[PDB]
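Here's the structure we're looking at; comments come further down.
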Amino acid sequence: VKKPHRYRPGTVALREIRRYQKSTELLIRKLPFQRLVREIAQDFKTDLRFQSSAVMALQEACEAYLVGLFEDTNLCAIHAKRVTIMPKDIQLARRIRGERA
Amino acid sequence: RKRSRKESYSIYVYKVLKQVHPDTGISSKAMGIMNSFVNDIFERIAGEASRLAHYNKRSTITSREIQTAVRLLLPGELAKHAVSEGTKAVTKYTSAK
Amino acid sequence: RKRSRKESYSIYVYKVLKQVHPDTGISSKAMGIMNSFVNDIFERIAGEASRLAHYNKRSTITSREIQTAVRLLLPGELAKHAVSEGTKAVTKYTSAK
Amino acid sequence: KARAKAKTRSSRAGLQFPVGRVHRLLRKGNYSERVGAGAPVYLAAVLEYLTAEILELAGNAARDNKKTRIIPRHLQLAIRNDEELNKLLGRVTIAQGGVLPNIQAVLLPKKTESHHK
Amino acid sequence: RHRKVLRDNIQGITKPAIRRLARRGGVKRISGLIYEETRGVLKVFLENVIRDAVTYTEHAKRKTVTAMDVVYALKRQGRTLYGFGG
Amino acid sequence: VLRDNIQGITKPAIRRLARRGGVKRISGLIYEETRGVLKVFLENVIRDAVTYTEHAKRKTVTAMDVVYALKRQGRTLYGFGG
């Protein structure tokens, strides 16, 4: 064989969909999330400590929230005859839920 | 030697599981999930019953109030079946004292 | 001749209104609105205080718990000014017995 | 005295979930001043029925995946596939639960992926 | 040298991780501007929850944030969490 | 002649409501869907209302039942007591 085997655009994304939907392991790494939480907490109160399971719980909550948000985002995107999500879609979804900011 | 005592609903969930699917086990995390679930439903129902009681200036929570709150919180057929089980339970308990 | 008695927060709202805008009135419907508003906030805060107490296995609701609940429910600057008013009130009450 | 031997109220009700622990939890928890005897039985029965329903759906999904032990994934699968439970827990996150497999039809490629000559 | 790893901050929440997350939601194709906005969104969410958690922590005169505080803080926002007690 | 009574929620009134919502132009098909949606909301509320009603062993529906049933669905209402 001469040329590298090459999948068409979209297929591997779909493969990723099925693979990650079938499993349940967390997708974000522990340590950066730990550092993020620690920084933000430091700005409210100093020298706090965190149990590991609390960090895990925040991780679960954040990922579930984001998953739901991307779901509504994708629906809003499909509504506009597009396939590419864009910031205004996210803004639309969050504005409708009332998660204003 | 000092030792505490934390209660749960684990053992009872295990019993029910062995009743419905004898050849099946369950992990600790899921049992924790079920424990938290039971606690949540308990809290919702009791709070709702309390609110109904307080709105009607009655100082006693009875079976009636629980039944009402169940009909409010849960939807349709689930409510009906659960209500059936509850009524059956009361009828059995009240007779065989 | 039989007659009931329904309490409300009307008169106190009226006092406050005259304190802030002497040459101004208010209709009955809006007064009812304010009544409902007050009752709702009262319920939220007390409920949250109760939940905090029960989570820390303390059976007394003190000023501390209310202050915490306020910082939880309301955002930012409103909480700060409110907390200040409350602290001032406690400080005045405790002294002039 | 006679001191008839005490059976559990659960055993009078023919239930597996407890009663006495529920009564204690209703007294401690600021729900009402006094609690009647019938309430906790009704409540316990409700809990038993719900728990049985959940586990039954979980075990069915388990047999579908050829695993003999229930894990959280199965619970999530059971919950989202029953309309009524999904209504009850529409704003609840199950840890390690994931989501259902679901791709909107429109972003999958067209079925005309075959001989085209 | 200037690393400060990429900002010593949220930017450690790397692009392909967000991609995987969007993959869980069934999405196929993402624009280049999404990433930053999502990060901001995430921060806001975390901020609110953490604030509440820290507040619960402050009430008990502790310096350790427990899981329970996170659970309750999530519950008040209507995002109750199961599997970590409560 | 009466028409299942949902038709009492007429076209122009719905048009007016949409006008309050910032709507300028409305398709013809909206009406039926809107009616259905409206029905669902009412049903849920009244069910809960009647449930509160049934608990007091009263036969007269009071405002408070509606207010509570609204409160429990996360659409708290002000201006009719409590």
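Chains: A, B, ... in order of the structure tokens. Residues: from 1 per chain. Ligands: from 1, in order shown.
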May I ask you to extract the residues of chain E within 6 Å of chain B, using only C-alpha atoms, and to give them as an NGL selection string?
:E and (82-83 or 85-86)
Hey, what's within 10 Å of residue 72 (chain B) if we count only C-alpha atoms and toss same-chain stuff fewer than 5 positions away? As a ChimeraX atom specification, please?
/B:45,48,66-67,79 /F:44,47-52,69,72
Could you fit chain B onto chain C with a least-squares superposition over all C-alpha atoms, matched one to one in order, and give me the transformed chain as a compact mmCIF listing (two decimals) with N, CA, C and O atoms, in the first residue's frame?
# COMPACT_ATOMS: atom_id res chain seq x y z
N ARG B 1 -72.58 38.24 64.47
CA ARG B 1 -71.60 38.86 65.34
C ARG B 1 -70.27 38.11 65.31
O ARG B 1 -69.23 38.68 65.64
N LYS B 2 -70.30 36.84 64.91
CA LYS B 2 -69.08 36.06 64.81
C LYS B 2 -68.10 36.74 63.86
O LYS B 2 -68.49 37.25 62.81
N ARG B 3 -66.83 36.75 64.25
CA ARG B 3 -65.83 37.45 63.46
C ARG B 3 -64.45 36.86 63.67
O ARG B 3 -64.05 36.55 64.80
N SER B 4 -63.72 36.72 62.57
CA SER B 4 -62.41 36.09 62.54
C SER B 4 -61.32 37.13 62.71
O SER B 4 -61.56 38.26 63.15
N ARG B 5 -60.08 36.76 62.40
CA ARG B 5 -58.95 37.66 62.55
C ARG B 5 -57.80 37.17 61.68
O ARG B 5 -57.17 36.17 62.00
N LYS B 6 -57.54 37.88 60.59
CA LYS B 6 -56.47 37.55 59.65
C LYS B 6 -55.36 38.56 59.79
O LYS B 6 -55.59 39.76 59.60
N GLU B 7 -54.16 38.09 60.08
CA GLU B 7 -53.03 38.99 60.22
C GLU B 7 -52.31 39.19 58.91
O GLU B 7 -52.41 38.38 57.99
N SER B 8 -51.56 40.27 58.84
CA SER B 8 -50.75 40.59 57.68
C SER B 8 -49.59 41.45 58.10
O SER B 8 -49.38 41.73 59.28
N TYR B 9 -48.84 41.87 57.10
CA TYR B 9 -47.73 42.78 57.26
C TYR B 9 -48.03 44.16 56.70
O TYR B 9 -47.12 44.97 56.53
N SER B 10 -49.31 44.44 56.45
CA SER B 10 -49.71 45.66 55.78
C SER B 10 -49.21 46.91 56.48
O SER B 10 -48.46 47.70 55.91
N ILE B 11 -49.62 47.08 57.74
CA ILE B 11 -49.41 48.32 58.47
C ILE B 11 -47.94 48.66 58.51
O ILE B 11 -47.55 49.83 58.40
N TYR B 12 -47.10 47.65 58.59
CA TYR B 12 -45.69 47.91 58.70
C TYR B 12 -45.13 48.39 57.37
O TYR B 12 -44.30 49.31 57.32
N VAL B 13 -45.61 47.80 56.28
CA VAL B 13 -45.20 48.27 54.97
C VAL B 13 -45.63 49.71 54.78
O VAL B 13 -44.89 50.52 54.21
N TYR B 14 -46.81 50.05 55.28
CA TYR B 14 -47.29 51.42 55.16
C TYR B 14 -46.37 52.37 55.89
O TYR B 14 -46.03 53.45 55.38
N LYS B 15 -45.96 51.99 57.10
CA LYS B 15 -45.02 52.81 57.86
C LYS B 15 -43.75 53.04 57.07
O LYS B 15 -43.27 54.18 56.95
N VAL B 16 -43.20 51.98 56.50
CA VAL B 16 -41.93 52.12 55.81
C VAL B 16 -42.10 53.02 54.60
O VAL B 16 -41.24 53.86 54.28
N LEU B 17 -43.23 52.88 53.93
CA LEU B 17 -43.48 53.69 52.76
C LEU B 17 -43.55 55.16 53.13
O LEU B 17 -42.96 56.00 52.45
N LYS B 18 -44.21 55.47 54.24
CA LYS B 18 -44.27 56.86 54.67
C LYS B 18 -42.91 57.37 55.11
O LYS B 18 -42.67 58.58 55.10
N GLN B 19 -42.02 56.47 55.51
CA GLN B 19 -40.69 56.91 55.88
C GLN B 19 -39.86 57.27 54.67
O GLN B 19 -39.06 58.21 54.72
N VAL B 20 -40.02 56.53 53.58
CA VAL B 20 -39.14 56.73 52.44
C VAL B 20 -39.71 57.71 51.43
O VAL B 20 -38.97 58.36 50.69
N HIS B 21 -41.03 57.83 51.35
CA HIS B 21 -41.67 58.74 50.40
C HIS B 21 -42.97 59.29 50.98
O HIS B 21 -44.06 58.82 50.66
N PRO B 22 -42.88 60.33 51.83
CA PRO B 22 -44.05 60.76 52.60
C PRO B 22 -45.27 61.08 51.79
O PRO B 22 -46.39 60.83 52.23
N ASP B 23 -45.08 61.63 50.61
CA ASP B 23 -46.19 62.05 49.77
C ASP B 23 -46.45 61.00 48.70
O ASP B 23 -46.35 61.24 47.50
N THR B 24 -46.78 59.81 49.16
CA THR B 24 -47.06 58.73 48.24
C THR B 24 -47.91 57.69 48.93
O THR B 24 -47.70 57.38 50.10
N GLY B 25 -48.86 57.13 48.18
CA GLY B 25 -49.73 56.09 48.65
C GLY B 25 -49.55 54.80 47.88
O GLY B 25 -48.73 54.70 46.96
N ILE B 26 -50.34 53.81 48.27
CA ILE B 26 -50.18 52.49 47.71
C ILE B 26 -51.51 51.76 47.77
O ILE B 26 -52.22 51.82 48.77
N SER B 27 -51.79 51.01 46.72
CA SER B 27 -53.06 50.33 46.54
C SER B 27 -53.08 49.01 47.27
O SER B 27 -52.05 48.48 47.68
N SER B 28 -54.28 48.45 47.35
CA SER B 28 -54.46 47.24 48.13
C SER B 28 -53.81 46.05 47.45
O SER B 28 -53.21 45.20 48.12
N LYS B 29 -53.92 45.97 46.13
CA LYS B 29 -53.33 44.85 45.42
C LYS B 29 -51.83 44.81 45.63
O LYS B 29 -51.24 43.75 45.85
N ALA B 30 -51.19 45.97 45.59
CA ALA B 30 -49.75 45.98 45.72
C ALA B 30 -49.35 45.63 47.13
O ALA B 30 -48.33 44.98 47.36
N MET B 31 -50.16 46.03 48.08
CA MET B 31 -49.87 45.68 49.45
C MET B 31 -49.98 44.18 49.62
O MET B 31 -49.19 43.56 50.33
N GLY B 32 -50.94 43.58 48.93
CA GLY B 32 -51.04 42.14 48.95
C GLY B 32 -49.82 41.49 48.33
O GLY B 32 -49.32 40.47 48.82
N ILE B 33 -49.31 42.09 47.25
CA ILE B 33 -48.11 41.59 46.61
C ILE B 33 -46.97 41.59 47.60
O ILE B 33 -46.25 40.61 47.76
N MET B 34 -46.81 42.70 48.30
CA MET B 34 -45.72 42.81 49.25
C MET B 34 -45.92 41.82 50.38
O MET B 34 -44.95 41.26 50.91
N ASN B 35 -47.17 41.54 50.72
CA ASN B 35 -47.43 40.60 51.80
C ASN B 35 -46.98 39.22 51.39
O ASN B 35 -46.27 38.52 52.13
N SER B 36 -47.36 38.82 50.19
CA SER B 36 -46.97 37.51 49.71
C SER B 36 -45.45 37.42 49.56
O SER B 36 -44.85 36.38 49.84
N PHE B 37 -44.82 38.52 49.17
CA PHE B 37 -43.38 38.53 48.98
C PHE B 37 -42.68 38.30 50.30
O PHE B 37 -41.73 37.51 50.41
N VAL B 38 -43.15 38.99 51.33
CA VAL B 38 -42.57 38.83 52.65
C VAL B 38 -42.73 37.41 53.12
O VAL B 38 -41.80 36.80 53.66
N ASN B 39 -43.92 36.85 52.91
CA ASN B 39 -44.14 35.48 53.34
C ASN B 39 -43.20 34.52 52.62
O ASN B 39 -42.63 33.61 53.24
N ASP B 40 -42.99 34.73 51.33
CA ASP B 40 -42.12 33.85 50.56
C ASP B 40 -40.69 33.91 51.07
O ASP B 40 -40.05 32.87 51.28
N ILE B 41 -40.18 35.12 51.30
CA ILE B 41 -38.79 35.22 51.72
C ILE B 41 -38.63 34.64 53.10
O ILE B 41 -37.63 33.97 53.40
N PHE B 42 -39.62 34.85 53.96
CA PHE B 42 -39.57 34.29 55.29
C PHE B 42 -39.47 32.79 55.22
O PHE B 42 -38.62 32.17 55.88
N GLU B 43 -40.30 32.18 54.37
CA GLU B 43 -40.31 30.73 54.27
C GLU B 43 -38.98 30.21 53.75
O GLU B 43 -38.43 29.23 54.29
N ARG B 44 -38.42 30.87 52.74
CA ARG B 44 -37.16 30.39 52.17
C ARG B 44 -36.08 30.42 53.22
O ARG B 44 -35.33 29.46 53.40
N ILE B 45 -35.99 31.53 53.93
CA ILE B 45 -34.86 31.68 54.82
C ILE B 45 -34.98 30.72 55.97
O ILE B 45 -33.99 30.10 56.39
N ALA B 46 -36.17 30.58 56.52
CA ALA B 46 -36.31 29.69 57.66
C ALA B 46 -36.02 28.26 57.24
O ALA B 46 -35.30 27.54 57.94
N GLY B 47 -36.52 27.85 56.08
CA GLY B 47 -36.27 26.49 55.62
C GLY B 47 -34.79 26.24 55.41
O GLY B 47 -34.26 25.19 55.78
N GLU B 48 -34.09 27.22 54.85
CA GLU B 48 -32.68 27.03 54.58
C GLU B 48 -31.91 26.95 55.88
O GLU B 48 -31.00 26.13 56.02
N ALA B 49 -32.28 27.78 56.83
CA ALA B 49 -31.63 27.72 58.12
C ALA B 49 -31.85 26.38 58.75
O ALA B 49 -30.93 25.80 59.34
N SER B 50 -33.06 25.86 58.61
CA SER B 50 -33.37 24.58 59.18
C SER B 50 -32.48 23.52 58.58
O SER B 50 -31.94 22.66 59.29
N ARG B 51 -32.29 23.60 57.27
CA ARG B 51 -31.51 22.58 56.60
C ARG B 51 -30.06 22.65 57.05
O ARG B 51 -29.43 21.63 57.33
N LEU B 52 -29.55 23.87 57.26
CA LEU B 52 -28.19 23.98 57.73
C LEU B 52 -28.06 23.40 59.12
O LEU B 52 -27.09 22.70 59.43
N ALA B 53 -29.05 23.67 59.95
CA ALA B 53 -28.99 23.19 61.31
C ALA B 53 -28.97 21.69 61.32
O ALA B 53 -28.12 21.06 61.95
N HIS B 54 -29.87 21.10 60.55
CA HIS B 54 -29.99 19.66 60.54
C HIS B 54 -28.75 19.00 59.98
O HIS B 54 -28.43 17.86 60.34
N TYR B 55 -28.01 19.70 59.12
CA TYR B 55 -26.83 19.08 58.53
C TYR B 55 -25.66 19.09 59.50
O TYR B 55 -24.77 18.24 59.39
N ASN B 56 -25.65 20.02 60.44
CA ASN B 56 -24.57 20.10 61.41
C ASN B 56 -24.95 19.57 62.78
O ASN B 56 -24.21 19.77 63.74
N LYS B 57 -26.08 18.88 62.89
CA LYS B 57 -26.52 18.24 64.13
C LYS B 57 -26.54 19.23 65.29
O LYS B 57 -26.13 18.92 66.41
N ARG B 58 -27.02 20.43 65.00
CA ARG B 58 -27.26 21.45 66.00
C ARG B 58 -28.75 21.73 66.07
O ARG B 58 -29.40 21.86 65.03
N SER B 59 -29.26 21.82 67.27
CA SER B 59 -30.68 21.88 67.47
C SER B 59 -31.19 23.29 67.62
O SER B 59 -32.39 23.49 67.76
N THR B 60 -30.30 24.27 67.62
CA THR B 60 -30.67 25.66 67.79
C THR B 60 -30.41 26.46 66.53
O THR B 60 -29.33 26.38 65.94
N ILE B 61 -31.40 27.24 66.13
CA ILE B 61 -31.26 28.25 65.10
C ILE B 61 -30.88 29.54 65.80
O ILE B 61 -31.57 29.97 66.73
N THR B 62 -29.78 30.13 65.40
CA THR B 62 -29.28 31.36 65.97
C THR B 62 -29.16 32.42 64.90
O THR B 62 -29.45 32.20 63.73
N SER B 63 -28.65 33.57 65.32
CA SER B 63 -28.39 34.63 64.39
C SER B 63 -27.39 34.19 63.36
O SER B 63 -27.51 34.55 62.18
N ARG B 64 -26.43 33.38 63.78
CA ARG B 64 -25.39 32.92 62.88
C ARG B 64 -25.99 32.18 61.70
O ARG B 64 -25.63 32.43 60.54
N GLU B 65 -26.95 31.32 61.97
CA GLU B 65 -27.52 30.51 60.91
C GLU B 65 -28.27 31.39 59.93
O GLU B 65 -28.19 31.19 58.71
N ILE B 66 -28.97 32.39 60.45
CA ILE B 66 -29.72 33.27 59.58
C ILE B 66 -28.76 34.01 58.69
O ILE B 66 -29.00 34.20 57.49
N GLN B 67 -27.64 34.44 59.27
CA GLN B 67 -26.66 35.21 58.52
C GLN B 67 -26.12 34.36 57.39
O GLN B 67 -26.01 34.81 56.24
N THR B 68 -25.87 33.10 57.69
CA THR B 68 -25.32 32.20 56.69
C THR B 68 -26.29 32.01 55.55
O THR B 68 -25.93 32.07 54.37
N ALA B 69 -27.54 31.77 55.91
CA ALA B 69 -28.54 31.52 54.88
C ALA B 69 -28.71 32.74 54.01
O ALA B 69 -28.91 32.63 52.79
N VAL B 70 -28.59 33.92 54.61
CA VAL B 70 -28.71 35.13 53.84
C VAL B 70 -27.59 35.21 52.84
O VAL B 70 -27.80 35.56 51.67
N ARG B 71 -26.38 34.89 53.27
CA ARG B 71 -25.27 34.93 52.34
C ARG B 71 -25.43 33.91 51.23
O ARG B 71 -24.93 34.11 50.12
N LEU B 72 -26.13 32.82 51.51
CA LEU B 72 -26.30 31.80 50.49
C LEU B 72 -27.33 32.21 49.47
O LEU B 72 -27.14 32.01 48.27
N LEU B 73 -28.43 32.77 49.93
CA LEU B 73 -29.57 32.97 49.05
C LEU B 73 -29.45 34.25 48.23
O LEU B 73 -29.70 34.23 47.02
N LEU B 74 -29.10 35.24 48.80
CA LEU B 74 -29.03 36.52 48.12
C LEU B 74 -27.66 36.71 47.49
O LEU B 74 -26.68 36.14 47.96
N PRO B 75 -27.56 37.49 46.42
CA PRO B 75 -26.27 37.76 45.80
C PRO B 75 -25.62 39.06 46.26
O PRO B 75 -26.27 40.07 46.51
N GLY B 76 -24.30 39.00 46.33
CA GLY B 76 -23.43 40.14 46.52
C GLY B 76 -23.84 41.27 47.45
O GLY B 76 -24.13 41.10 48.65
N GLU B 77 -23.85 42.45 46.85
CA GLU B 77 -23.88 43.68 47.62
C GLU B 77 -25.15 43.78 48.43
O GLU B 77 -25.16 44.37 49.52
N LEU B 78 -26.22 43.19 47.92
CA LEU B 78 -27.45 43.17 48.67
C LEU B 78 -27.25 42.41 49.97
O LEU B 78 -27.69 42.85 51.04
N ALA B 79 -26.51 41.32 49.88
CA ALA B 79 -26.24 40.53 51.07
C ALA B 79 -25.44 41.33 52.05
O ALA B 79 -25.74 41.34 53.25
N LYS B 80 -24.42 42.00 51.56
CA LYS B 80 -23.54 42.72 52.47
C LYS B 80 -24.30 43.81 53.21
O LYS B 80 -24.22 43.90 54.44
N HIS B 81 -25.08 44.62 52.48
CA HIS B 81 -25.80 45.71 53.14
C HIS B 81 -26.82 45.16 54.13
O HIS B 81 -26.93 45.66 55.26
N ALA B 82 -27.55 44.13 53.73
CA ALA B 82 -28.56 43.59 54.62
C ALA B 82 -27.92 43.02 55.86
O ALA B 82 -28.42 43.19 56.97
N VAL B 83 -26.78 42.37 55.67
CA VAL B 83 -26.06 41.81 56.79
C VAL B 83 -25.62 42.91 57.72
O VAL B 83 -25.66 42.77 58.95
N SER B 84 -25.23 44.05 57.14
CA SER B 84 -24.84 45.19 57.96
C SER B 84 -25.99 45.61 58.84
O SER B 84 -25.83 45.81 60.05
N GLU B 85 -27.17 45.70 58.25
CA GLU B 85 -28.31 46.17 59.01
C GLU B 85 -28.64 45.18 60.11
O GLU B 85 -29.00 45.57 61.22
N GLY B 86 -28.46 43.91 59.82
CA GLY B 86 -28.80 42.92 60.80
C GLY B 86 -27.87 43.00 61.98
O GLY B 86 -28.29 42.98 63.14
N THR B 87 -26.59 43.16 61.69
CA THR B 87 -25.62 43.19 62.76
C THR B 87 -25.84 44.43 63.61
O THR B 87 -25.77 44.37 64.85
N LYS B 88 -26.16 45.54 62.96
CA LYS B 88 -26.43 46.76 63.70
C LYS B 88 -27.63 46.57 64.59
O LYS B 88 -27.65 47.03 65.74
N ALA B 89 -28.62 45.84 64.10
CA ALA B 89 -29.82 45.65 64.86
C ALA B 89 -29.53 44.83 66.10
O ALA B 89 -29.99 45.16 67.20
N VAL B 90 -28.71 43.80 65.94
CA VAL B 90 -28.41 42.96 67.09
C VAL B 90 -27.60 43.74 68.10
O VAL B 90 -27.81 43.61 69.31
N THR B 91 -26.68 44.57 67.62
CA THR B 91 -25.84 45.33 68.54
C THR B 91 -26.68 46.31 69.33
O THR B 91 -26.42 46.55 70.52
N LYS B 92 -27.70 46.88 68.71
CA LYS B 92 -28.53 47.82 69.44
C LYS B 92 -29.41 47.09 70.43
O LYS B 92 -29.58 47.53 71.57
N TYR B 93 -29.94 45.94 70.03
CA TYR B 93 -30.89 45.24 70.88
C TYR B 93 -30.19 44.68 72.09
O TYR B 93 -30.72 44.71 73.20
N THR B 94 -28.99 44.16 71.90
CA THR B 94 -28.31 43.48 72.98
C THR B 94 -27.81 44.46 74.03
O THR B 94 -27.61 44.08 75.19
N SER B 95 -27.62 45.73 73.66
CA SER B 95 -27.06 46.69 74.61
C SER B 95 -28.13 47.29 75.50
O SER B 95 -27.98 47.34 76.72
N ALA B 96 -29.21 47.76 74.90
CA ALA B 96 -30.15 48.64 75.57
C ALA B 96 -31.28 47.88 76.25
O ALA B 96 -32.41 48.38 76.31
N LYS B 97 -31.01 46.68 76.74
CA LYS B 97 -32.01 45.91 77.49
C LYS B 97 -32.49 46.69 78.70
O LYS B 97 -33.54 46.41 79.26
Identify, on the basis of only C-alpha atoms, every residue whose closest approach to residue 35 (chain F) does not exceed 9 Å; exclude the query and any residue fewer than 3 positions from it along the same chain; express the result as an NGL selection string.
:F and (6-7 or 9 or 30-32 or 38-40)
Interface list for chain F, partner chain C, 6 Å threshold, only C-alpha atoms, as a compact mmCIF listing (two decimals) with N, CA and C atoms, in the first residue's frame:
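That gives us iface.txt:
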# COMPACT_ATOMS: atom_id res chain seq x y z
N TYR F 78 -47.57 35.48 42.98
CA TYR F 78 -47.77 36.53 43.95
C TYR F 78 -49.06 37.25 43.61
N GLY F 79 -49.76 37.71 44.63
CA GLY F 79 -50.83 38.67 44.48
C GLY F 79 -52.22 38.16 44.75
N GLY F 82 -50.91 34.63 50.45
CA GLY F 82 -49.90 33.63 50.77
C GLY F 82 -48.75 33.63 49.78
